[PDB]
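Chemist: Need coordinates for the below:
(chains A, B, C, D, E, F, G, H and I, ligands or ions: 6)
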Amino acid sequence: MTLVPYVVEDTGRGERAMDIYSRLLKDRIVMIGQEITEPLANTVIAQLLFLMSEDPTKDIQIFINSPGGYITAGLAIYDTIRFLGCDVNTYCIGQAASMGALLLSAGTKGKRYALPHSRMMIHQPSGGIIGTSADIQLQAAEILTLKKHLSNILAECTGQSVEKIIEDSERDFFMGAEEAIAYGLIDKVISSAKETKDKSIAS
Amino acid sequence: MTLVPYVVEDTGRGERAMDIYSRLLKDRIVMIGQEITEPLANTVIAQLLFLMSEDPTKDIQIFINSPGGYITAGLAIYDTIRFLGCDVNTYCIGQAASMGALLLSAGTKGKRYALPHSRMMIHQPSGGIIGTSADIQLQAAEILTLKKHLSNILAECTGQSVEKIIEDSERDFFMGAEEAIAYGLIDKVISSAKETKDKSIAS
Amino acid sequence: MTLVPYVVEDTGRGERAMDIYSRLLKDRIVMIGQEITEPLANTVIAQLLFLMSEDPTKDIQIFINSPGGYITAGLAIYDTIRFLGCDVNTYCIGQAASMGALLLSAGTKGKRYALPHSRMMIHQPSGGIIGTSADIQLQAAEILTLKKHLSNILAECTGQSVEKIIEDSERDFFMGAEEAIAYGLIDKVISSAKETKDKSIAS
Amino acid sequence: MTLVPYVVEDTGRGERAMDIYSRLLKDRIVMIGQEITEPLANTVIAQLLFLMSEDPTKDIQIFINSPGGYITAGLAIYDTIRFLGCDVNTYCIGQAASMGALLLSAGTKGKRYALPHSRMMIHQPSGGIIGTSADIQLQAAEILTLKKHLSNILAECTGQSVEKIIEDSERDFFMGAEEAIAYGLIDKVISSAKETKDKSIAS
Amino acid sequence: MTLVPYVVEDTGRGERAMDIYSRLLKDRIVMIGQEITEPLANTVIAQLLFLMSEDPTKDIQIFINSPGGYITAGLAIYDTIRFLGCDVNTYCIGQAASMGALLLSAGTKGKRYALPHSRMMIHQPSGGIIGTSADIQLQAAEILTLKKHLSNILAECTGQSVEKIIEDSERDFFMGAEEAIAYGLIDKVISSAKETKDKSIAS
Amino acid sequence: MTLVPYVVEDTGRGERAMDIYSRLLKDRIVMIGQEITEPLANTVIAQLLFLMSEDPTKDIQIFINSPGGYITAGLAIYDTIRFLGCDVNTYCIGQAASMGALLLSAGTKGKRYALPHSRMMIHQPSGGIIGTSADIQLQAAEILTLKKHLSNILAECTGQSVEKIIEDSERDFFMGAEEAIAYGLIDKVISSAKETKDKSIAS
Amino acid sequence: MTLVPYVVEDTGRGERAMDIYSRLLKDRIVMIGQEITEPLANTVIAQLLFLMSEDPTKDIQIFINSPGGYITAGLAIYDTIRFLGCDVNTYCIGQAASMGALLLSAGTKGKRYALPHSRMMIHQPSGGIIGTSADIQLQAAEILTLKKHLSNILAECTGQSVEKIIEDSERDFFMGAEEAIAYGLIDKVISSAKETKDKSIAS
Amino acid sequence: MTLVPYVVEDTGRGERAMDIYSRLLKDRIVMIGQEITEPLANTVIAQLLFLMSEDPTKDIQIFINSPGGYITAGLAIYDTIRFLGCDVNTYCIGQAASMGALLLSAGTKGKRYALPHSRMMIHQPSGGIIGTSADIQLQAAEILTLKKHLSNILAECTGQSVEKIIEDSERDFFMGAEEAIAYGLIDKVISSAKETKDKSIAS
Amino acid sequence: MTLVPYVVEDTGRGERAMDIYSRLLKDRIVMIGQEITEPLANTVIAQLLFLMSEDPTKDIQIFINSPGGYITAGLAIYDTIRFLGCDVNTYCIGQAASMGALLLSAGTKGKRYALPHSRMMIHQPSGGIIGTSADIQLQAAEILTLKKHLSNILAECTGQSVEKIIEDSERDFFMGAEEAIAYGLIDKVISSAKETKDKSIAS
Ligand SMILES: CC(C)(C(=O)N1CCN(Cc2ccc(Cl)cc2)CC1)S(=O)(=O)c1ccc(C(F)(F)F)cn1
Ligand SMILES: CC(C)(C(=O)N1CCN(Cc2ccc(Cl)cc2)CC1)S(=O)(=O)c1ccc(C(F)(F)F)cn1
Ligand code: NA
Ligand code: NA
Ligand code: NA
Ligand code: NA
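Modeler: Residues are numbered from 1 along each chain as shown, chains lettered A, B, ... in the order given. Ligands and ions are numbered 1, 2, ... in the order given. Take a look at the structure below.
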C-alpha cells in the first residue's frame, strides 16, 4: 500500500499535476531511499542527466537513505555525479551504508551533510558480490576490480588511505555523524535547513 | 479495495485533479495512517521536504494513526521534523504506538493533540528496529545505539527521565489521552477545531 | 517499485505529465539500461525511428548500461543505428557487456565515450545461445550465421581482425576505459564538462 | 523495465500525452515486433483500419521483427493489408519468420525492404500449429485448408510455385537479405530511408 | 493420508499392501479413465508390456472411460495392443470418445463390450493430435499422415470405409451401445457379469 | 487437512498397513463422501470391480454422503452397480443430492436405507452440468439423451413416472427419510444394527 | 498426478513392493517415454549402469517414446549405451524425434525395431541445445562441437553421409517404419513378440 | 520431476524397497548429476562418509555429469574426497564443468576416466557467490582465498601451473577427452571395462 | 531436489530401509549441513537426546557445514551438547560461520577438527535479531542479552577474552584451519580418517 501523493498549485495562474518526487526534482532534489540496484541507478542517472540538461551550473541536492546496494550500480551513479559540472549536495537522513556512504561522500567537498541521528557505514552488509537474483553474474577478477575501484574512490573522497578503507570495509559497525566528519565521509552536522538549498526562480 | 478518492475545487480558472491525500497536503496536512516503514518514511520525508520548499514558516499538521514501525524509519522522520523551521502540529487519532508515539511527541510543545478515545504506547512490539522486510542486519552495538537514540529523544520530548522511558518501553500497555498529557507525550485533548488556537469565527 | 519521476517544462500553463525518460528523448537521448531483449529492441528501434522522423540530421545520444542481451535483438538495434543518417553518440555508464559493447562500438567514430570506472566486455556472459521468444528457436546453423554476423560487425567497428574478435569473445573478462580505447571499442574517456570532447550543443 | 517513452509536440505549446507507438502511428508507421497472435492481429488490424479512415491513399509503413505466429492471425492481417487501397511498405528489421515473412512479402511490390543483417524464413518455426491458448484449437481438415491458403498466398507474393513453397516450408533454415530478394520475399536491401537514400528512387 | 485405497488378500503364498489399481492388474485388468495423454500412454504401455512379460497368453481386460486424447498417444497404445499375442477384452463404461473409441474398437473381435448407458464418439472435440512437450506442433504432411493412420485403423477395426470414418469424424455426436454394435465399434451389450463370453474374472 | 487414519489386521495369515477406507473395503464397504466427479467414479468403479473379483455373490454396502455430481460420472457408477451380480446395500448418511440420490436408489430393492436426519434431493444443485466445470463436453442433442437416461433410470429405480421425475428434478428442495420412502428413493429408515439382515452364521 | 502402478507380483519369488517401471527393470527393460532432459539422462544412465552390474552380458531392451530432448543429455546416454558390453534392443513405440531417434538408432545393429505406425525424425525440433530458461546453455564453439558430434554419430549409426545427416537434420519431417529401415534408423518393423521368457506358461 | 525407479534385491532373501541411486551406492557408486550446490554437497559427503564407515579400503566409483556449481560446495566435497583412505574412481559422462571438473580431476591418479564424447571445462560459466543464506556480503580477501584454493587444487590435480589454471579458468571453452588427458584433468578415455585394481601390480 | 539416498543393511537379520542421514545416526554421527534455524535445532536436539538414550557414554561425532543461523537455536543446541555426558567430536567440513563456529568450538577439547580447506568465522554475517514469527520477534534488551551469552560462551570455548570475541565478531573475515587452531576454535587439522583415534573390528 505505497500511496504516492501528487502536487499541483494555484499561487498564480497554474497547473502542474506531478507526484511528490517529480516536484522535488523541480527544485533539483534527487531522492535515494532504496537499496542501490541497477534499476535505481538508471532512474537516478536519468534524473542527474536531466538536471544537467536544464541547468548545468545550478547546485543539485541529493538526499540519501540507503541500506546498501551493488558496486556496479553505485559506480555508475558516482561516475555520473563526477560527470556533472555543477556542485552536488549530499544529505544523509537515517542510514547510508556501503554504496550509500560512497554516494554521500561523493558530494562536493564542504556540501556533504548528515542529520544528528544519521548512521553511516562503509562495510557492505548485503549482496555478496551478487545479491538477489535481480542483479547477478560477477566472475572472480571482476569483483576485485570493482572492489579496488570502490576502495580507491572512498580513499580519495574521505581522505583516508586505501589500506585503512579496506580494513574498515571489513568491520560491521556504524559510525555517527560526528565520527563521520572526523573520518572524512561528511563535512557538517545540521539540524536546520542549511540554506545551500534556497532557489525560487532560475537565473 | 479502498478506493483513493479524488478532489476538484472551484478556483474559477484553475481546475486541478488530485487525490484526497494530495489535496490535504495543500493545507500542509500530512497523514501517517500505517506502519512506519522505510518506504513510508521516504514518502513522509518527501512530503515534509516539499512543504518546507513551499512555505518554510507556515505551520504543518501531521495526523498519526500508526500501529508502530521501525526505529530507523522513525528516526529519519523525526530528524526531518526537527530539520523543519516551522511549527509542527501532531494529532493522535486512534492509536499511536512506539514510532507513532515518537512522532506524536515530536511536535512543537503546546501543539501536540489527541482525540478523546485515542490510545498511545511507547513500547516497541516485536523487533521493529530497522528498515523494512528483510533489512534485518545487526550487530550488538547498533541496537544499543538505536535504542539509546530513541530513549534519549523520548526523554527529551516527553520530559521523563531516560530510565523511566526505558522501563516503560518494556511494558506492553496503552495509555489514554489524559494519561498521555501527564506523561508528557501530548499537551491537550480536543474534540473540535476551536479547542486548538481559536480564530474566533463569528456567529 | 522504482518510481520513474515525471517532468513539467516552462512558458506554458498546461498539462504535459511526461516521465524522465521521455523528457530526455526530447533532447534526442536514448537510454539503454537493462538486458538487450526483444521487447527492449522494439523500444529502442521505436525511439530511433521517431528521432529520425523529427530531425534526421541532428545528433543522437545513446547512454548504455547493459549487462548483455541477445544477438537477435542486438543485430536489430545495430542495423537501425546504421540505418540512421545522423551522428550517434554512445556513452558507456557502468557496464557494457556483449550486446551493450556492440551498440557502444556502433556509435559514430570519435563520438563513442566511456566514464572513468566503466567496464566493457565482448564475451557473452554467464550463459546463452542467444534467442528466447517464449521458445528458444535459432537452431544450430542459425546461431553460426548470427555469431559470424556479430564477429564481422565487431571487427568492423573496433578495427580488430575477425579472428581476434572470435578469440576474445570466448574470454570472460572486462576491460576498463583505457583498455577499450586501445581495443577500438570506444574513442575517449570522459570525466568532466571541460574534459568532454563531446561538446553537447543543443537546447 | 517496461516500454516507457512518450511524445509531445513542437508546432505549438506542447500538451497531449502520446506514447512512442501512437507517435509513430501519426506517421502511418505500424510496428510488429512480437509473435503474431490473435490479440496482436486485432491491434494491427485496428491500426490498419484507422489509418485507412484518415487517408485511404497515403502510403503506410509496416516494420516487422517477428519470430513467427499463427495462421489464423497472419491470414487476418494479410487480408486486411490486401484490403487497404493505398501502398504498403514492409521493412524487415532483425527476423521475419513464417507469419512475419508472409506479411513482409505482402507489401506492395517494389516497396518490400530488409536491413543488411535481417534474417527471413518461411518455415513455421519450432513446430506447426494446432493451437494452445494462442490459436484456440483446430480440427483436422481445417489446418490443412489454412496451410493450403498460406502456401497459395506465399507463392503468389514471392512468385515461386506452390510446390516449392510447401517443399521449402518444411526446411528449418533462414535466408539473408540477398537470398530473400532472389527468392521473391523482398525487393531491396537498404541502408537509408525508404528506397535507399530517398523517399523515392532515382536512376 | 494417501488417496487411492489399498488392499490385502491372496494369503496362499503370502503378499502385502498394494493399491486398488495394482489389484486389478493382478487380474490382468487395465484401467483407462482419463484423457489419453503421453504420460498416460507410457503408464498403459508399461502395464501392457508387463502383463505380456508374466504370461503372454492369458486374456487381458481393459476398461475404458475416456473423454478423448491425442492421436500420438492413442496410436502408441493401439500398436502395443496389436503387439500383444493374447486376447484383449475392451469394456466401455460411460464414455469412449475419439482415442477411447479407437482403443475400445481395438479389442479382439467378439470381446469388445459396452454397458447399456455407454456413449461412444469418433470425433475428437477440436484439438489434440500430439501430446507435445510444451515446445512443438506438427507440419502439414504430418497431420495428414496422423489423420490417415487414425482413419485407416478405425476403418479396419469397425469395418466401415475410410470415407465414412472421415465423414463421421467431423460430426460431434455420440452413439449408444446399440448404434455402436451396428457401426462396428463394439460387439455386445452385456449389463451384467454372468452374461456373454466373460462370466466375470472372479478368482 | 483430511486426516485418513490407518489400521492393522489379524483376519488372515498376512499382516500389513492400510488406511481406514481400504479396511472398510475388506468388509465390502464402499464410501462415497464427496461430489460425483470423473476421478471419483474411476475410484468407485475400481473398488466395485475389485469387490466382484473377490466375491461376485457376497453383499456390498455403499455409504453415500454426496452433495451431487455430474451425470456422466453417475451413469458410469450406476451401470457398474447394475453390472454387479450380488446384492448392493445403499446407506444415505447426511445428504444424497442428484447423483447421490441416483446411486442411493440404485441399490437392491429392500436394501436401500437412510439415517433419521438424512436429506435427499433429485434436483441437480448449484454448479456444473454433466462432466467438468472447465473441460466441458457434450454438444447439442446430447443433453437430451443424458437427461433422458437419468429420468428413465430414476423412474425405474423409484417407481414414479418419467414425467414426475422430470417435473421433480426441476425443484430445488430436499426431502426427509420418510418422504424418500414414499417417493421410492429408499426403503427403510434405520437407527440400529438389527435393521439390517445379519441372517446367520458367525463373522 | 501419480499414475505409476505397483506390483507384488504373481510370478516371482518372495514378497516385494515395487512400481511398474522397477518391475520392467527386473526384466532388463528400460522405458524412455518423455523428453530427453538432464534429470532423465541421469536416471536412465543409473538404470543402465545398474543393469550392467547385475548381468553385464544379458540383453537389455529399451522402449522409446520420446518427442525429443537436448544434445548434452542425449550424448550422455549414447556414450553409456556404447559403454555397455551387452546387446541393447531399441523399440520405437509412437514417436522417436531427434534425441529419441539417436538413442533408437544407437541400439545393436539388427536389434533396432519399430511398431507399424511409429514415426521417427532426426531433425532437432524447436531450437536450442540445452535450456528451459537457463539450463546449462553453451558458448559458440561448444554447441558446434556437440552438433558435429551428433551428426557424426547419426551418420555412423544410420549409414548415411554426414552431409546428408546435416541436410536432413534441417528438414522438419517424420518418416515411417519402412522409410526408417531404408534410411538406417532401424532394422525391422514388427507386430509380435520376440523377447525371452518364451515357450512357457506360469502357474 | 523425480523419476527414481526402485529395486528390491539380494541383501538376503530380497525384501526391501530402495531406489536406483541408493542401489548403485550398494556397489560404492556415487552419482553427481546436477548442479553442485550446498544441499547436494551434504548428500554427497554423507554418502562418502557412509561408504568409508562400511569399508574404508574398498574402491569408490563416482560418476560425474555436472554443469558446474559453487566453490564452497566443491571445496567441501574435495576435502571429503581427499579425506578418504581408499581409491576413488571418477568417470565423466557428458559434461563436467568447473566444480564437476574439480571433482573429476580429484580422483586417484590413474583412475580418472571419461567417455569418448564427454566435455570438460574448468571455467565457471556462471560465477558469483554461493547463496549460503541469500542474506550476506562476500568481501575481497574471501573470494581471493576461495579462488586461490581452487587454483591451487586444480594445479596440483592436473599438473599445470596455477598461472595456467587461472588463465584457462577465464576462457569459456570445453575440451574433449583427448585434450583433457593432455591437460591432466583425466587419465584415460574409455569405451569398455578398461582399468581396475584387484590383481598383482604391473611393473 | 537432492535425492537423499536410502540404505539397506543387516545381511543377517534383514529388512530395514533408512536414508543416508539416519544411517550415519546409527554410527552416532550427526550432520549439520545448513543454517542453524529453530526447526533444525529441534531435529538436532532430538537426535542428540536419542543418542544419549541409547548409549550415554559412547562418543558422538557432529559434522558441521553451516553458513550461520540464529542465536536462540544455536544456544539451544550448545546447551544440549553441554547437557550430554559423553565426548562430542566436532568436524568442520567447508564452512562454519557464527553459530556453526559456536557448535564447532563446543566439542570436547582435543576432539574439535577441521579439514584442510575449511573456513571458519565467528562474525554473524548479516542478521542477528534471532527468533521466529516471520523472522522478527525478540526485543532489544533481549538480543543484547543473547549476544552477551554468545560472547561469554565463545570466550570460554576458544580461550580468548570476551572483549576480543566482541571485537572479532564485528569483523567480516574468515580464518583457515591453521588460524582457527591458534584462535582456539578447533584443535587439530586432519586429512584422513585414521589421523585420530582408532576403529577396527569389534569384540
Ligand atoms: C571387467 C574387468 C574385469 C576388466 O576390465 N578386464 C579388462 C581386460 N581384460 C583382459 C585384458 C587384460 C589386460 C590387457 Cl593389457 C588387455 C586385456 C579382462 C578384464 S574390470 O576392469 O576388473 C571391472 C570393470 C567394472 C567393474 C564394476 F564397475 F562393475 F565395478 C568391475 N570390474
Ligand atoms: C572415526 C571415524 C574416522 C571412523 O572412521 N569411524 C568408523 C567406524 N565407526 C563405527 C561405529 C559405529 C557405531 C557406533 Cl555406536 C560407533 C562406531 C565409527 C567411526 S569417523 O568419526 O566416522 C569420521 C571422522 C571425520 C570424517 C571427515 F573428516 F571425513 F569428515 C569422517 N568420518
Ligand atoms: Na518495547
Ligand atoms: Na584500461
Ligand atoms: Na423424515
Ligand atoms: Na515408413
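Chemist: Looking only at residue counts, what's the top helix in chain A?
Modeler: Secondary structure assigned by DSSP state H gives helix A:140-158 as the longest helix of chain A.
Chemist: hmm, the following helix or strand past that one touching chain H?
Modeler: Where DSSP states H and E defines the elements, the next helix or strand beyond helix A:140-158 is helix A:162-169. Yes - applying CB under 8 Å from any CB of the partner chain, one finds helix A:162-169 touching chain H at A:166, A:169. C-beta: built from backbone N, CA, C; applies to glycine.
Chemist: okay, helix A:162-169 in PDB with CA atoms only?
Modeler: Taking C-alpha atoms only, helix A:162-169 is exported to PDB below (Å, rounded to 0.1, in the frame of the first residue of the first chain):
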ATOM      1  CA  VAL A 162      43.400   2.800   0.700                       C
ATOM      2  CA  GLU A 163      44.700   0.400   3.300                       C
ATOM      3  CA  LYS A 164      42.500   2.000   6.000                       C
ATOM      4  CA  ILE A 165      39.500   1.900   3.700                       C
ATOM      5  CA  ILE A 166      40.000  -1.800   3.000                       C
ATOM      6  CA  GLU A 167      40.400  -2.600   6.700                       C
ATOM      7  CA  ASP A 168      37.400  -0.600   7.800                       C
ATOM      8  CA  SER A 169      35.200  -2.100   5.000                       C
END
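Chemist: Not counting that helix itself, show me its contacts.
Modeler: Applying CB atoms under 8 Å, 6 or more residues apart in numbering or on different chains, the external contacts of helix A:162-169 come out as A:122, A:123, A:124, A:150, A:151, A:152, A:154, A:155, A:158, A:160, H:139, H:140.
Chemist: With respect to residue I:66, which of those is nearest?
Modeler: In terms of CB to CB, no member of the contacts of helix A:162-169 lies closer to residue I:66 than residue H:139, at 19.2 Å.
Chemist: from memory residue A:58 sits against residue A:201, does it?
Modeler: No - the pair residue A:58 and residue A:201 fails to qualify as a contact (CB atoms under 8 Å) at a distance of 11.4 Å.
Chemist: higher neighbour count, these two?
Modeler: residue A:58 (15 against 4; other CB atoms under 10 Å in any protein chain shown).
Chemist: quick one, what contacts the closest residue to chain F within chain A?
Modeler: Of all residues in chain A, the one sitting closest to chain F is residue A:1 (31.3 Å; CB to the nearest CB). By CB under 8 Å, 6+ apart, residue A:1 lies in contact with residue B:34.
Chemist: Next: residue A:14.
Modeler: For residue A:14, the contact set (CB under 8 Å, 6+ apart) comprises A:8, B:14, C:13.
Chemist: Now do the same contact list for the residue in chain A that ligand 1 sits nearest to.
Modeler: Ligand 1 sits closest to residue A:140 of chain A, with a gap of 37.2 Å, by CB to the nearest ligand atom. By CB under 8 Å, 6+ apart, the residues touching residue A:140 are H:124, H:127, H:143, H:147, H:169.
Chemist: ok, now which ones touch the nearest residue to the second one once chain neighbours are set aside?
Modeler: What it means is residue H:127. The shortest distance from residue H:127 to any non-neighbouring residue, by CB to CB, 6 or more residues apart in numbering or on different chains, is to residue A:139 (4.3 Å). By CB under 8 Å, 6+ apart, the contact list for residue A:139 reads C:125, C:172, C:173, H:124, H:127, H:170.
Chemist: just to revisit the earlier point, mind checking which of the contacts of helix A:162-169 are buried?
Modeler: Buried subset of the contacts of helix A:162-169 (neighbour count, 16 or more other CB atoms under 10 Å in any protein chain shown): A:122, A:123, A:124, A:150, A:151, A:154, A:155, A:158, A:160, H:139, H:140.
Chemist: tell me which element the closest residue to residue A:34 other than its chain neighbours is part of?
Modeler: Among residues not flanking residue A:34 along the chain, residue A:40 sits closest, at 4.7 Å (CB to CB, 6+ apart). For residue A:40, the host element (DSSP H and E) is helix A:38-54.
Chemist: Now that helix: buried residues?
Modeler: The neighbour-count check on helix A:38-54 (16+ other CB under 10 Å) flags A:38-54 as buried.
Chemist: In chain A, what residue comes closest to ligand 2?
Modeler: residue A:128 (25.9 Å).
Chemist: That residue: what's it in contact with?
Modeler: H:129, H:131, H:136, H:137, H:138.
Chemist: quick one, strands of chain A?
Modeler: For chain A, the strands defined by DSSP state E cover A:6-7, A:18-19, A:29-32, A:60-66, A:88-97, A:112-114, A:119-121, A:188-189.
Chemist: near chain G, which residues of chain A?
Modeler: Counting by CB under 8 Å from any CB, chain A has no residue next to chain G.
Chemist: In space, not sequence, find me the middle residue of chain A.
Modeler: The residue lying closest to the centre of chain A (CA atoms, centre = their mean) is residue A:103, at 3.8 Å.
Chemist: got a list of what that residue touches?
Modeler: By CB under 8 Å, 6+ apart, residue A:103 lies in contact with A:32, A:36, A:62, A:64, A:66, A:74, A:77, A:78, A:81, A:90, A:96.
Chemist: How much space separates the residue lying closest to residue A:56 once chain neighbours are set aside from residue A:60?
Modeler: In this structure, residue A:56 finds its nearest non-sequential neighbour in residue A:85, 5.1 Å apart by CB to CB, 6+ apart. Going from residue A:85 to residue A:60 by CB to CB, to the nearest Å gives 11 Å.
Chemist: ditto for residue A:6
Modeler: 23 Å.
Chemist: more neighbours, those two?
Modeler: Counted by other CB under 10 Å, residue A:6 and residue A:60 do not tie: residue A:60 has more neighbours, with 25 against 21.
Chemist: Please name the bridge partners of that one.
Modeler: Beta-bridge pairing of residue A:60 under DSSP bridges involves residue A:88.
Chemist: what sits against it?
Modeler: Residues in contact with residue A:60 (CB under 8 Å, 6+ apart) are A:28, A:29, A:30, A:48, A:51, A:84, A:86, A:87, A:88, A:89.
Chemist: try 10 Å this time
Modeler: Neighbouring residues of residue A:60 by CB atoms under 10 Å, 6 or more residues apart in numbering or on different chains: A:25, A:27-30, A:47-48, A:51-52, A:81, A:84, A:86-90, A:107-108, A:111, A:197.
Chemist: Likewise for residue A:58?
Modeler: The contact partners of residue A:58, by CB under 10 Å, 6+ apart, come to A:27, A:28, A:51, A:52, A:86, A:87, A:199, A:202, A:203.
Chemist: Make sure the first one is actually in contact with residue A:200.
Modeler: Going back to what we said before, that points to residue A:27. Yes - contact status for residue A:27 versus residue A:200: in contact at 9.3 Å, counting by CB atoms under 10 Å.
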